[PDB]
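Enquirer: Provide a 3D model corresponding to the input given below.
(6 chains, ligands or ions: 2)
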Amino acid sequence: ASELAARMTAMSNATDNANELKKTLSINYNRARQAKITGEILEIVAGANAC
Amino acid sequence: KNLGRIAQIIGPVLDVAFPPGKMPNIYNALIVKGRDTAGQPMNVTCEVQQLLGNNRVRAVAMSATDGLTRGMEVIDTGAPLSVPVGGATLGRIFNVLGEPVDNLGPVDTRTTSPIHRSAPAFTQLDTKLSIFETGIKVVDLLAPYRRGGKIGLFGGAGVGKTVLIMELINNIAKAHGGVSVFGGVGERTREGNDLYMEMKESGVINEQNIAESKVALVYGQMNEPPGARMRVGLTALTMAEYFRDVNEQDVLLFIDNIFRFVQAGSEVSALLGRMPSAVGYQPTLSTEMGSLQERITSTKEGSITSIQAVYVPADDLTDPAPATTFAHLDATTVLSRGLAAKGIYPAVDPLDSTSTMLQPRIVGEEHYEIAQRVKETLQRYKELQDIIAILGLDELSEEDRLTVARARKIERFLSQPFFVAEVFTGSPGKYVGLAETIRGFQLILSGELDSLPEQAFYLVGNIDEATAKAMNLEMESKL
Amino acid sequence: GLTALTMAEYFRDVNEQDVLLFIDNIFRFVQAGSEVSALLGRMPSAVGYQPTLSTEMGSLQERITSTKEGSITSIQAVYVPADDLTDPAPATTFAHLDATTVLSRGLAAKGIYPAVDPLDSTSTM
Amino acid sequence: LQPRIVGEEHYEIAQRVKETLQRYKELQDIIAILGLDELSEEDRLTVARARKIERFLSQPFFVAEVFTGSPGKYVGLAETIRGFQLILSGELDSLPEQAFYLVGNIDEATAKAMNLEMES
Amino acid sequence: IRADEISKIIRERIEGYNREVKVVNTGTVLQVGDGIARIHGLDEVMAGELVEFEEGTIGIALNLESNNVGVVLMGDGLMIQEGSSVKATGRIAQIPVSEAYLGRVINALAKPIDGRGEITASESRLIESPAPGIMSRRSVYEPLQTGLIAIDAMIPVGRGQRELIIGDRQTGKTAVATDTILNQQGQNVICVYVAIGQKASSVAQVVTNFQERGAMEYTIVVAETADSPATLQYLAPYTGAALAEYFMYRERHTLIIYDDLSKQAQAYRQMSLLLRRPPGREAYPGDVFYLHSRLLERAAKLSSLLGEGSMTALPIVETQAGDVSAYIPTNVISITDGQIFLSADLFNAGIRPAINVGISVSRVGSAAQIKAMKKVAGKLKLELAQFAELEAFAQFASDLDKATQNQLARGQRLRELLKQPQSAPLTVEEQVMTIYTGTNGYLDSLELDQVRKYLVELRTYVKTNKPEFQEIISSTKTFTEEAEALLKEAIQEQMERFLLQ
Amino acid sequence: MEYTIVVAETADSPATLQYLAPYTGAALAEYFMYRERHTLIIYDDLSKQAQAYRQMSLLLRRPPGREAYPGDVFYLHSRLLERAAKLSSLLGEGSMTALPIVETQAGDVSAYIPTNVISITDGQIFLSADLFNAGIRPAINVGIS
Ligand SMILES: Nc1ncnc2c1ncn2[C@@H]1O[C@H](COP(=O)(O)OP(=O)(O)OP(=O)(O)O)[C@@H](O)[C@H]1O
Ligand SMILES: Nc1ncnc2c1ncn2[C@@H]1O[C@H](COP(=O)(O)OP(=O)(O)O)[C@@H](O)[C@H]1O
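Expert: Numbers count the residues shown, from 1 in each chain, chains lettered A, B, ... in the order given. Ligands and ions are numbered 1, 2, ... in the order given. The coordinates are given below.
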């Protein structure tokens, strides 16, 4: 029973650490995707400005 | 009148050649006398977007351009787009041009108003932040609206978003002296027809007595060019704005939905060839959103409350369109598929939905504390959702057993029998003021009605009808 | 590419025999089109390829086909820039290629050769 | 940072600090989700040493004395190399982490440790 | 250094400047290359009007500029010379359309490429007509049986609904499309299949397949191969829509397959960049949403007076690396009603058709379902929701309570239910059979693999030995207690004989 | 309001006016600052001014960068801010305190305009969405402020 309570505490902490990790990673991903799309559009319009 | 010829056309962007003296202003609507394949005159409309000089403007079409010819006659109307307004438009479908498409009859109203206008002055606003009372228990207690403020609508299909809209119209019509308007910015035509028929059946549009209806529907479909789908919102706005500036009626302005207006403006700027901003929106995203989100206020005369749907693309709350929209929004009500699938209608989640209006110094300390205790009980229920199943509901402590019991009572009392969903269900519609609401939750949560069955609070109006139904259920259970 | 294709097309047309047409590398054809596009006067499309990309790949692939007379079997290799199958030219060749095999840097780096990524590789046969 | 310039002792201790900090940087992804409990004996050893190391790298400055309140310490190479030699040898393994935080010399670190054991 | 100023036109104007006279009778070719041609004159030509180059090369006057008409070439020009005289035509992109198109293969000019013979037609329909209006439609009523248990239960498609098929490379989009088309032999619909930028060999495979199946008796297969011009690849789906709406307006039901719209959008962006139009995302023009909206919304369920005709658009878009929030995916997802989302990780895992049941949606919904289908589909959807929640508990099937163990068991068998062989479409009654056998709980006994063989044997045994069931459902379209008892009887009979094997 | 002057340009005002308004506030403040009077100016926000400047810069076909912000987007803020000083004792000691406001999406301090403003101002008072939504108002995060 002590070992299973220990594993339950380990999971109750590790799943929430994985929660905060997925949240901060999704935020970094949103910023990165926004920057990528902006860079691609700006490099497209740079060629149009060249012509 | 002022006559000019078409210089060049590139899709819905036309150029018009006026003589040196006469030349329209910015945003001046332009009728273009044009033909059809049957030879029939078809008047295609525009709006001057740029005075590009050399006595030649660059106007953006509001209709189909195929068939228009270089050198056709364009007449300068000399003023921004003037739509038909007033009580004539009630129960009538419209376009971006204010020209109706229900084939009922012509709008014989003489009153027009320009689609373009400045926001109400700073010496005009009604500074009192008041909670716009709706009659729905969930959105009254947990997501209280403000009058003259903007309210975002977050609901994926099947949660009763349209039934919620029709109920909101019905309540603003019956309780108050209000009138609603619906602006379908980019509305797929099949669902536009669906909504029109559901309003015909739900009595929101009295098909037998037009102008006794409660709504003036403005449908600008996805079929229409990108120039039209943007100005649809301004059309609906000015048609609503008449209803409160002159008649001082509490108007509801539904915009479904804001993101598609934002991307329609993005398409217009793209066609116009102005350099893009960040991830792909138009450079004037903030100013364009302002031009539509600052006519929605509560002036000294009336109040426009904007209940607009919002859509988040790529799940971003930080994409420019959601970010700018949220910068304007005042309260968000979020509808969840969980409550729809279960049967607690409306399907509003009292935790995902929040308001900035639920401050104590706005709503009263009693309302605030009851809302806080309700939120705490429902949150503790979500936290115990997994615990109770494994532990058994009896092995819980007395405090947590009380919590789950009262949480079930509260979650079931959040259900309401709708005025417009009675045609489907069979339960009569009900209206619940905040007095009934706060006292009902005080009784349920204060441990006083903790001796009633779960079902006695389900789809009930107020706590008095809850007690009545409880006595019925107990007599029905004895024998 | 079009030179070798016209030679093989003669071989299949009049000498009416099966042909093997190995191409390597086929991405460099679209590469050259992209290099020459902007200087010719065309506006740059997405990430840098020519606007005439789909029809360029058409003018190669649809010319390369098996007929009643002869059958051109063509085992051609598509370079993928930075292993991104989202890149337009690898994305475009996929529509014309019947049997496709995708090499994965994981399988190549681990030491499993040939490095054909099996679950991503699909055939129509 | 080449021995021909800086001396073999300086170079070697720099390589060992870089090694241990690299290993902790690797184990960061694991420990974020799991915790230090799930690591091996040598892994947990390296992680504890890396904590002590990355805190001993810290030094209070004379110009930051207005924000920290603590008098900045000046500590050159003769004490830098020696202190790091000791930390990576593990003689000071009995000391906590906060003894190496915001000190100039390893002696000041040890004195702060003696204070952290005076405050029972 | 200006276009339209060729130092020969200035000569002609210096000769004839006296006053600016109409010159629409004539038109000359100034600049020509990569599929477009800038044209002088033609001052009264419309937008979209066919302009006919000398030597026979049709073009379309897309963007009329200041003094030059930018024209897309409806072929490979490469022979029109500078200064050659173009004549206008007056027509705006029409196709002749008749019932004799049923059963043939055509290019985007509605001109046959099967080599059989010419298609006699009388009435012409414009290619870019306007859609049915806000007051010329009817709310979706009638179920279009696609033949897939999963779709016909969980993502119900209707007649007049624009249900999008979206996926990655090789997830089975064309597979589900042909599956539906081959299901609709029985009921009376016209199928349309518009291929944009695909291999002539792939069009040959699908056409030969419909031939050996018999579904060529009601289909028109528009084909536009990759080498074809961007304008023809762009104009293909609109020719498909014109053909389809001709049959629609004559009270008949249609189904059209845009396979795909991604290549149509790519041809459009190619042309728009080629005749110098401002780019947007991925160098698409602003008008790609306008394009897709017009084309899609041309297809809907007409009202009662106009004949109750309808036209289901079943478009396809292919998504790259699961970027379903890209430009053309978000466009088509916004315009369409439903989305049938296909996933390659299920496709590899064996679950074919590889639809993604948690992502897929249809805002028509159970309205377009048979009553028997909805009676079984409610229970089916609840069971699948439950197993979808319990998916992260299958490894722990050794120490879960037996109730969630049995929910895992039921969802495990239900996954075995929904798989189907390639292009083998089922009828609504057989699908009701399958979903009933599943949802009631009659497959817990048989192990995880036999379920498919058991169910096919079940359907055949019912078909042979209780022919009242299919008749009951064909007559009433309602799952009635009599057919329920009959199906229970047939099920246990087949189970016994199969177990004695 | 006996002390206060409110220079207001709301959302649906020309981006040029939203770009001008902080400088009107700055001139007003400086007038009193130079004649031996202390001032306190509250810009709200600088990121909205940065967006207005981006709009009126991309409307001029100006080469942008770093999330489409123009080249002079640091020059904008530094010009506006660096005229806030505690004056010398010769010029009358009148000082203009400036407390600009900046909004962050998803707490993106590492964004272009937040890091630019941070590299100008003499500190930061970072408010926290989780702290403010947990009831600890005001939500000053003294860990990083
Ligand atoms: N439901 C299914 N059951 C078994 N096999 C299938 C199924 N669907 C597709 N397949 C197999 O997958 C292969 C790819 O199918 P299909 O060509 O329809 O995918 P696609 O999406 O059209 O590919 P692309 O996107 O490249 O056009 C086919 O060869 C077919 O044999
Ligand atoms: N308030 C409600 N009361 C009862 N039923 C409702 C309610 N809202 C939605 N429904 C159910 O949902 C359906 C309508 O949902 P609808 O508003 O059309 O959502 P959507 O348009 O997103 O599909 C009806 O069939 C009804 O049975």
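
Enquirer: drop to CA atoms for contacts and neighbour counts, all remaining ones
Expert: Will do.

Enquirer: domains of chain B?
Expert: Following curated CATH domains, one gets these domains for chain B: B:1-80, B:81-357, B:358-479.

Enquirer: Now for residue B:104, how many residues are close by?
Expert: Using other CA atoms under 10 Å in any protein chain shown, residue B:104 has 11 neighbouring residues.

Enquirer: measure it to residue B:199 for me?
Expert: Distance, residue B:104 to residue B:199, using CA to CA, to the nearest Å: 16 Å.

Enquirer: Go through the domains of chain B and name the closest to ligand 1.
Expert: Nearest to ligand 1, of all those, is domain B:81-357, at 23.0 Å by CA to the nearest ligand atom.

Enquirer: is chain E contacted by the closest one?
Expert: Yes. Judged by CA under 8 Å from any CA of the partner chain, domain B:81-357 and chain E are in contact via B:101-103, B:157-158, B:188-190, B:192-194, B:222-226, B:267-268, B:270-273, B:280, B:313-314.

Enquirer: Right, and ligand 2 sits closest to which residue of chain E?
Expert: For chain E, CA to the nearest ligand atom, closest residue to ligand 2: residue E:363, 5.8 Å.

Enquirer: Just to check, that residue is in contact with residue E:339?
Expert: No. Residue E:363 is not in contact with residue E:339 according to CA atoms under 8 Å; the separation is 9.3 Å.

Enquirer: Name the nearest residue to the residue in chain A positioned nearest to chain E, ignoring sequence neighbours.
Expert: Going by CA to the nearest CA, chain E is nearest to residue A:41 of chain A, at 6.0 Å. Excluding the flanking residues, the one nearest residue A:41 by CA to CA, 6 or more residues apart in numbering or on different chains is residue E:281, at 6.0 Å.

Enquirer: what's around the one you found, how many residues?
Expert: Using other CA under 10 Å, residue E:281 has 24 neighbouring residues.

Enquirer: on that earlier part again, mind checking which of the residues of domain B:81-357 next to chain E land in strands?
Expert: In strands, defined here by DSSP state E, there are no members of these.

Enquirer: can you pull out the helices in the stretch 251-400 of chain E?
Expert: For the stretch 251-400 of chain E, the helices defined by DSSP state H, counting those that start in this stretch cover E:262-274, E:288-297, E:327-335, E:344-349, E:371-389.

Enquirer: in whatever helix or strand comes next after the last one, what's buried?
Expert: Per DSSP states H and E, the first helix or strand lying C-terminal to helix E:371-389 is helix E:402-418. Taking 16 or more other CA atoms under 10 Å in any protein chain shown as the neighbour-count basis, helix E:402-418 is seen to contain the buried residues E:404-405, E:407-418.

Enquirer: Export these to a markdown table and append columns for distance to residue E:34.
Expert: As requested, the buried residues of helix E:402-418 are exported to a markdown table (distance: CA to CA, whole Å):
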| residue | distance to residue E:34 |
| --- | --- |
| E:404 | 64 |
| E:405 | 64 |
| E:407 | 61 |
| E:408 | 59 |
| E:409 | 61 |
| E:410 | 60 |
| E:411 | 56 |
| E:412 | 56 |
| E:413 | 57 |
| E:414 | 54 |
| E:415 | 51 |
| E:416 | 52 |
| E:417 | 53 |
| E:418 | 49 |
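
Enquirer: Please go through those and note which also touch chain D.
Expert: Counting by CA under 8 Å from any CA, no member of those reaches chain D.

Enquirer: I'd like the residues you listed as a markdown table, with distance to ligand 1 appended.
Expert: As requested, these are exported to a markdown table (distance: CA to the nearest ligand atom, whole Å):
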| residue | distance to ligand 1 |
| --- | --- |
| E:404 | 29 |
| E:405 | 28 |
| E:407 | 25 |
| E:408 | 24 |
| E:409 | 23 |
| E:410 | 22 |
| E:411 | 19 |
| E:412 | 18 |
| E:413 | 18 |
| E:414 | 16 |
| E:415 | 13 |
| E:416 | 13 |
| E:417 | 13 |
| E:418 | 10 |
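
Enquirer: Up against chain B, what does chain A have?
Expert: For chain A, the residues in contact with chain B (CA under 8 Å from any CA) are A:30, A:34, A:35, A:37, A:38, A:41, A:42, A:45.

Enquirer: Derive a PyMOL selection command for the buried subset of these.
Expert: Here is the PyMOL selection string for the buried members of the residues of chain A next to chain B, based on 16+ other CA under 10 Å:
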select buried, chain A and resi 30+34+35+37+38+41+42+45
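
Enquirer: What about the residues of chain A next to chain B, which are in helices?
Expert: If you go by DSSP state H, these have A:30, A:34, A:35, A:37, A:38, A:41, A:42, A:45 in helices.

Enquirer: and which of these is nearest residue E:453?
Expert: Checking these against residue E:453 by CA to CA gives residue A:30 as the nearest, at 46.6 Å.
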